[PDB]
Amino acid sequence: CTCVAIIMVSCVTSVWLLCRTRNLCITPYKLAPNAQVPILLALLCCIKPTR
Amino acid sequence: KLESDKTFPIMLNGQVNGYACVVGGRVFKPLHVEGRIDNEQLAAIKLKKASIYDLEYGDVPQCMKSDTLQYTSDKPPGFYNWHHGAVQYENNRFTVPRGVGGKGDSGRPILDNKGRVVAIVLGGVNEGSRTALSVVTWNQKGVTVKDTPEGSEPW
Amino acid sequence: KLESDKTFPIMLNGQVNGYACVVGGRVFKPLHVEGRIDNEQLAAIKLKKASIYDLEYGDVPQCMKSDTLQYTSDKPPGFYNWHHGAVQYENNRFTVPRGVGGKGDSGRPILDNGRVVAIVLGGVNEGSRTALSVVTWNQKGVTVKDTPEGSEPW
Amino acid sequence: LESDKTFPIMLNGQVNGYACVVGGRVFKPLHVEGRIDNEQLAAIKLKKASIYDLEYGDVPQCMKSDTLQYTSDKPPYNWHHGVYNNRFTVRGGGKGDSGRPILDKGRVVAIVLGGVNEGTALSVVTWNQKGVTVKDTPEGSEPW
Amino acid sequence: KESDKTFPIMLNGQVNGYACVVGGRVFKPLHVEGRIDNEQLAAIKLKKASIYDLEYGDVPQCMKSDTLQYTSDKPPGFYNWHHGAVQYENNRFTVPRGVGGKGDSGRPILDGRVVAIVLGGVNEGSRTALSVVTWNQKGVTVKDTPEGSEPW
């Protein structure tokens, strides 16, 4: 019970951290549609190509 | 001066405390300021939050996508038009004359000669005979960046 | 033509999506247009639906009770005025010039030289006149829908 | 000219009555229900007073200096439609002129709430000689 | 419009407040800081009345006869000021909105006599109601502070 509990909280906290970073990665580019989205960021903080 | 229509005010307890502006088929509004945008179609959209820029941003709905401003990061220093008058850009700082703007002028777009928005104003600090504006701009690469002179106070 | 502000533009997301026409002390709108009437007093009434005829109907309040379009089931073939121009009734078919009307112009009445003769709901491009889908009222005066084959809602 | 500052209430899209701001507080009679037709006064929550038949409330911050001003001295006065044995009479304002202040040198000395045709007296709220608020309501008054 | 007597209070070459010599005594608002641009005046010991937000001292003997006079008679109406008009009404010192502001506190109000020393305000609709230290009906010094007044 403890081990499922600790893996659950760690996994949820990790995914929360990651999705937070995902947002904080895309939003600068999201907001500024006309810039170039660096390829590395494009593939890693995986992104739609905006117009 | 004529494109200033597309910014519309927010109503907070019945009074205007700020403005929401539509650019790039995306409506923006400062986070710090509360209210409901004074029109119906833009009142509906769930506005997503961007704390690190103090900007709530949302996807303007369909039928007025072609009715929005454009923007560029190309910002040579000089005079740039703005609702209350000109804003002089120099030493990587936007500054308007002393005392113009204040409470309620947040979210006001700053345009260039060709109607393209260069920044949205969020605050200010009065230095000497001028007042420097804390804004949200796009850098030379063009990613969004909050620019705040020291001691800027939200509007 | 001018006695048309009895007819009221409904609004969906701020722009006029269709029109709701007051005839006979009753507000009509078509189902296929969704949205809100652009009038507070008309915004209240519970509109009862009728799919077979594709109309939602409501009893008007008193304040406009005497100020409502009349109708008529007498429809000789001929020209009947309509907001966007005349309509021609011939071969028991309501038609308009090719290229006038379309999305949004549903639910605008057809009047004669001024009682309602039909309320329009759609249309198919016949030819160089364009046939219309209308809820006409038959010679007995019971309401009926009139669809050329393959017409689509406006 | 200051009648602009009696704000018409709306209910179901018609003028059910009016509400007025005097002395830095807004005033709306109970009987006439409605949404006030003004955004900045819409957000004041009106605390009721049945015994004077007026819900009232302190006006928002940014209109304290733009209220009409009253006074209790009423020698036996002007009013929206054109009005004083200690009784306000005027035969032919009716069903909807509820809450209409009755001005004087631009002071309000009453708010009208209803009336009875003395075939026509006004059911009114005033302020007495010592200045305390009181309702003066004629026998047979109907609200408007 | 006797402007020699008036000294701005100086920080870094800009005006932050106004301290006035009235009736042979220097008064200033306590919350404003700084120095008079005058060699003789600046050294004088100033004594505080915290409740009133008023600092007072004695001006030197040489300037005792060259100070503006004060008077407590303030009927409702209009008074002269450098930027325009000052209203008295209903026991409020009122000004039309947007004339006057920060760094104006302590400014004396002239008819030329001083009747009331502004310390603050609040801008309300079409009119700014002034927080001011006055003399009551019996001549006693009293602060009148409208609710929510931000000191100027």
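Analysis parameters
Residues numbered from 1 in each chain as written, not as in the entry; some residues may be left out. Chains lettered and ligands numbered in written order. Part of a larger assembly, values for the part shown. Heavy atoms only, no water. Contact = heavy atoms within 4.5 Å. Buried area = accessible area lost by both parts, 1.4 Å probe. Salt bridge = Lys/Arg side-chain N within 4 Å of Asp/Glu carboxyl O. Polar contact = N/O pair within 3.5 Å; in protein donor to acceptor, adjacent residues only side chain to side chain. Nonpolar A, V, L, I, M, F, W, Y, C, P; charged D, E, K, R; others polar. Pairing = 2+ DSSP bridges. Helix = DSSP H or I, 4+ residues; strand = E, 2+ residues; numbered from the N terminus. Disulfide = S-S within 2.5 Å. Buried < 20%, exposed > 50% of the residue type's maximum accessible area, 1.4 Å probe, protein only. UniProt positions renumbered as here; feature names shortened; annotations may be inferred.

Judging from the entry metadata, cryo-EM is the method by which this structure was determined, and 3.58 Å is the reported resolution.

Enquirer: Which parts of the structure should I look at to understand the interface of chain A and chain B?
Expert: A common way to report how large an interface is uses the accessible area buried once the components associate. At the interface, 11 residues of chain A touch 11 residues of chain B. A buried area of about 1,000 Å², summed over both sides, lies between chain A and chain B, and 68% of it is on carbon and sulfur atoms. Interface area lost by chain A to chain B is led by A:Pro28, A:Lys30 and A:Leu31, which between them contribute 49%. Seen at the junction of chain A and chain B, the total is 0 salt bridges. In this structure, the connection of chain A to chain B is made through 3 residue pairs in polar contact. Residues belonging to the side of chain A that touches chain B are distributed by class as follows: 7 nonpolar, 3 polar and 1 charged.

Enquirer: Looking at this model, I keep getting lost on the pairing of strand β13 (residues 143–146) of chain C. Mind explaining?
Expert: Two faces, one strand: in a regular strand the side chains alternate between the faces of the sheet. Residue and element names in this part refer to chain C. Two elements, strand β12 (residues 129–137) and β13, share 4 bridges in a ladder whose sense is antiparallel. Within the sheet, the bridge partner assigned to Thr136 lies in β13 and is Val144. The antiparallel pairing of β12 with β13 creates a hairpin that spans 5 residues between the two strands, and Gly141 there sits at a positive phi of about 85°.

Enquirer: Looking at this structure, how should I read the sheet that holds strand β5 (residues 48–50) of chain B?
Expert: All names here are of chain B. Here we have 6 strands laid out as an open sheet, ordered β4-β1-β2-β3-β6-β5, and antiparallel in their pairing. The open sheet has two edge strands, β4 (36–37) and β5, and neither has a second partner. Bridge count for strand β2 (residues 15–23) against strand β3 (residues 26–30) is 3 bridges, and the pairing is antiparallel. Residue pairing for β3: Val23 is matched across the bridge by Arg26.

Enquirer: Please clarify how the state of the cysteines should be interpreted in this entry.
Expert: All names here are of chain A. Applying the stated criterion across every chain yields a total of 1 disulfide over all chains. Between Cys25 and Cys45 runs a disulfide, and the two sulfur atoms are separated by 2.2 Å. Taken together, the positions of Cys25 in helix α1 (residues 2–31) and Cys45 in the segment after α2 (39–44) put the pair 20 residues apart, joining distant regions of the chain. Both residues of the pair, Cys25 and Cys45, belong to the buried class. We note that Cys1 lacks a disulfide partner, and the nearest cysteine sulfur, in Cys3, lies 8.3 Å from it. The class for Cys1 is exposed, based on a relative accessible area of 86%. For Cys3, a relative accessible area of 55% translates into the label exposed.

Enquirer: I keep staring at the UniProt feature "active site" in chain D and nothing clicks. Help me out?
Expert: Residues and elements named next belong to chain D. The UniProt record annotates "active site" at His31, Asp53 and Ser98. Within the secondary structure, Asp53 sits in the loop between α1 (39–42) and β5 (55–58). Setting aside its immediate chain neighbours within four residues, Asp53 contacts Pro29, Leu30, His31, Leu113 and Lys135. Counting through the fold element by element, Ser98 comes out in the loop between β6 (69–70) and β7 (101–103). When its relative accessible area of 0% is taken as the criterion, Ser98 is described as buried.

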